[PDB]
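*Asks:* quick check, what structure comes out for this input:
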Amino acid sequence: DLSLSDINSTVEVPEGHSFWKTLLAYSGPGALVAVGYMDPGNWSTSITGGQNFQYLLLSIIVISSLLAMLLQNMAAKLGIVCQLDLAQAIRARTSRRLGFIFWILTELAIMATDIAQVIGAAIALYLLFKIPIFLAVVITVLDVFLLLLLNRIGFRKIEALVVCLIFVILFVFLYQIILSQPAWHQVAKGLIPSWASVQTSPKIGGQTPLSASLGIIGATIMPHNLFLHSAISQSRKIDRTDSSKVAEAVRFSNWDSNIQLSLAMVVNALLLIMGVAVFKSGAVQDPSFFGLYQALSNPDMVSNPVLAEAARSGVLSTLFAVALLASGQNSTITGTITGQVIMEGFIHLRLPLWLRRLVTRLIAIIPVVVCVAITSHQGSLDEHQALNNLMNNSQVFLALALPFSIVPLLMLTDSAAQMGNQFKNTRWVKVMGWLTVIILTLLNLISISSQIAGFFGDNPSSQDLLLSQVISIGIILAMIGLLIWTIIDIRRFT
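*Replies:* Numbering: from 1, shown residues only. Take a look:
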């Protein structure tokens with residue numbers, strides 16, 4: 001009846017005021033959440049953002065991460081104080097049909113992330129081991145056994161394995177930056193919140209600073225990682241009777257989550273400066289993983305003789321594909337955990353990790369093998385580009401399931417009927433939290449029309465455009481109705 005019954009309140013190791021060892025104990029949840037924010041689904045968008053705007057968008061990244069650190073912490077709080085995840089709170093404060101709508105929506109979000117990671121991992125196999133593109137996908141389907149071995153290890157080593165992947169993809173991209181020797185003064189100048197990133201005048205590569213900045217801000221959080229954080233935050237036993245120990249617990253999970261999401265921010269920065277210093281100006285013409293592979297393997301694309309010799313040897317591209325692999329291993333863990341959370345929390349369905357990863361992976365790979373089937377039917381022409389367009393088109397479900405995950409979180413944590421007058425949010429995080437939630441909801445509701453119109457490709461059929469407008473209006477209006485309904489129920493609880 002409690003979230004993550006297998007590993008809920010497992011190891012509690014606060015030992016008086018020995019704070020840093022205590023920090024070493026529970027440092028796992030923050031990493032499990034942060035590794036999701038390093039998935040390849042936006043890697044190109046960073047590199048592109050670096051080529052179109054050298055170091056300019058870095059500050060935006062920071063801001064985004066900060067916002068991601070805020071809401072995530074809130075989620076952790078809901079897990080630590082209430083001893084129940086976000087899905088159990090929402091489902092407990094609304095009917096079953098709303099919990100079912102939220103269930104299918106979040107399932108579609110984690111399904112979208114799973115699509116990004118199966119595409120990135122399959123391509124990673126196509127680049128490293130030269131496995132055929134169609135075989136690499138059905139090889140990625142075999143991650144259920146890696147989940148079976150993953151199940152017997154334990155969170156003290158699983159949550160450290162996630163750290164291992166994090167520093168793998170962090171040191172892979174940091175190594176290519178160390179060889180690049182970039183002008184770190186311009187990097188520092190770019191990290192400052194300047195007003196050149198909010199303008200619309202450069203328009204390099206069909207992208208203005210305000211478009212890229214609002215895109216980075218719009219994709220701030222992932223809805224599934226909120227339920228994930230609220231669930232894994234409970235894995236540390238708390239008496240819930242001593243205010244100093246639960247306040248200490250909040251400091252604990254906060255410093256952990258910031259320590260890891262800061263690493264994710266560092267990875268995004270390494271991707272932007274990867275697009276600025278490593279690649280030449282405008283050298284990246286194919287945002288696909290294969291385009292970045294050949295671009296990292298062509299000496300004329302880099303801006304340094306050392307990177308030209310190393311690129312000719314073929315080490316940059318292989319490290320890139322290794323980073324694709326280490327990033328593609330995330331949904332096997334966080335996808336199954338979060339899927340269990342929303343499943344047994346929203347619809348009260350107890351399913352094993354076997355059929356979970358089976359169903360999610362199959363539903364994820366169906367459109368992938370359809371895309372590879374059509375493109376390979378065209379002669380393997382534009383197959384990687386179409387895989388990239390599938391990966392980017394999949395991210396609409398996140399915008400569909402974002403407000404129904406950030407609004408109920410902020411409401412339930414701001415109310416005293418769930419947190420109490422002692423552990424509710426400060427008047428500071430009320431203003432910042434509501435501002436962030438409003439901005440993200442508006443920006444994603446704007447993104448719905450752009451992505452739905454993007455489903456029809458870069459060929460604008462005049463009759464299909466109006467249909468995209470009708471479908472977009474219907475979707476955003478339906479999300480408005482669901483949003484005001486959830487607002488009404490939660491505000492009826494408070």
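
*Asks:* ranges for the strands of the stretch 301-450 of the chain?
*Replies:* For the stretch 301-450 of the chain, applying DSSP state E, counting those that start in this stretch gives no strands.

*Asks:* which parts of it are helices?
*Replies:* Counting by DSSP state H, counting those that start in this stretch, the stretch 301-450 of the chain has these helices, from start to end: 305-313, 316-328, 336-342, 353-377, 383-394, 396-401, 403-414, 420-423, 427-454.

*Asks:* just checking, what packs against the third one?
*Replies:* It stands for helix 336-342. Of the remaining helices and strands, those touching helix 336-342 by 3 or more Cβ pairs under 8 Å, 6 or more residues apart in numbering; DSSP states H and E are helix 96-128, helix 223-232, helix 353-377. Bear in mind the C-beta positions are built from the backbone N, C-alpha and C, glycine included.

*Asks:* angle of the last one against helix 383-394?
*Replies:* Between the axes of helix 353-377 and helix 383-394, defined by axes from the mean of the first three to the mean of the last three Cα atoms, to 10 degrees, the angle is 130 degrees.

*Asks:* and helix 353-377, what does it pack onto?
*Replies:* Looks like helix 353-377 contacts helix 96-128, helix 133-140, helix 143-151, helix 336-342, helix 383-394 (3+ Cβ pairs under 8 Å, 6+ apart).

*Asks:* just give me how far the fourth one sits from the chain centre.
*Replies:* Using Cα atoms, centre = their mean, to the nearest Å, the distance from the centre of helix 336-342 to the centre of the chain it belongs to is 15 Å.

*Asks:* stretch 425-435 too?
*Replies:* 23 Å.

*Asks:* ok, now stretch 289-306?
*Replies:* 26 Å.

*Asks:* of the helices and strands packed on helix 336-342, which is nearest residue 153?
*Replies:* helix 353-377 (12.7 Å; Cβ to Cβ).

*Asks:* which parts of that closest one are buried?
*Replies:* In terms of neighbour count (16 or more other Cβ atoms under 10 Å), helix 353-377 has its buried residues at 353, 356-357, 360-361, 364-365, 367-369, 371-372, 375.

*Asks:* then stretch 238-252?
*Replies:* For stretch 238-252, a neighbour-count test (16+ other Cβ under 10 Å) marks 238, 246, 249, 250, 252 as buried.

*Asks:* show me where the stretch 151-300 of the chain has helices.
*Replies:* Using DSSP H, counting those that start in this stretch, helices in the stretch 151-300 of the chain cover 155-180, 184-190, 209-218, 223-232, 243-273, 289-296.

*Asks:* so of those, which one's packed in deepest?
*Replies:* Among these, ranked by average contacts under mean count of other Cβ atoms under 10 Å, first place goes to helix 223-232 (a mean of 30).

*Asks:* show me what that helix is packed up against.
*Replies:* Helix 223-232 packs on helix 28-34, helix 58-82, helix 86-92, helix 96-128, helix 336-342, helix 403-414, going by 3+ Cβ pairs under 8 Å, 6+ apart.

*Asks:* alpha carbons only: can I get the first one in CSV?
*Replies:* C-alpha atoms of helix 28-34 as CSV (Å, rounded to 0.1, in the frame of the first residue of the first chain):
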residue,chain,number,x,y,z
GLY,A,28,21.8,7.7,-4.9
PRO,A,29,18.3,9.1,-5.6
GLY,A,30,19.7,12.4,-6.9
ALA,A,31,21.9,10.5,-9.3
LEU,A,32,19.0,8.2,-10.4
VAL,A,33,17.0,11.4,-11.2
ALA,A,34,19.9,13.4,-12.7
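
*Asks:* how far out from the middle of the chain is that helix?
*Replies:* 12 Å.

*Asks:* and it, what does it pack onto?
*Replies:* Looks like helix 28-34 contacts helix 155-180, helix 223-232, helix 243-273 (3+ Cβ pairs under 8 Å, 6+ apart).

*Asks:* residue 341 is nearest to which of these?
*Replies:* Among the helices and strands packed on helix 28-34, helix 223-232 comes nearest to residue 341, with 4.6 Å by Cβ to Cβ.

*Asks:* follow-up on the earlier one: next, format the helices of the stretch 151-300 of the chain as CSV and append distance to residue 346.
*Replies:* As requested, the helices of the stretch 151-300 of the chain are exported to CSV (distance: least, Cβ to Cβ, whole Å):
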stretch, distance to residue 346
helix 155-180, 23
helix 184-190, 42
helix 209-218, 25
helix 223-232, 9
helix 243-273, 23
helix 289-296, 33
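
*Asks:* among those helices, which is nearest residue 464?
*Replies:* helix 209-218 (23.3 Å).

*Asks:* name the residues that touch that closest one?
*Replies:* Residues outside helix 209-218 that contact it (Cβ atoms under 8 Å, 6 or more residues apart in numbering) are 45, 49, 52-53, 56-57, 60-61, 63-64, 67, 196-202, 399, 439-440, 443-444, 446-447.

*Asks:* so who does residue 197 touch?
*Replies:* 53, 56, 57, 59, 60, 209, 210, 212, 213.

*Asks:* which one of the residues you listed is nearest residue 176?
*Replies:* The closest of these, once distances to residue 176 are taken by Cβ to Cβ, is residue 57, at 19.1 Å.

*Asks:* picking up where we left off before, tell me the one of the buried residues of helix 353-377 nearest residue 291?
*Replies:* residue 375 (14.7 Å).

*Asks:* report the contact partners of that closest one.
*Replies:* Counting by Cβ under 8 Å, 6+ apart, residue 375 has contacts 381, 382, 383, 386, 387.

*Asks:* any idea how far residue 137 is from it?
*Replies:* To residue 137, residue 375 is 13 Å away according to Cβ to Cβ, to the nearest Å.

*Asks:* go on, residue 368?
*Replies:* With Cβ to Cβ as the criterion, residue 368 and residue 137 are 5 Å apart.

*Asks:* kind regards, and thank you for your time.
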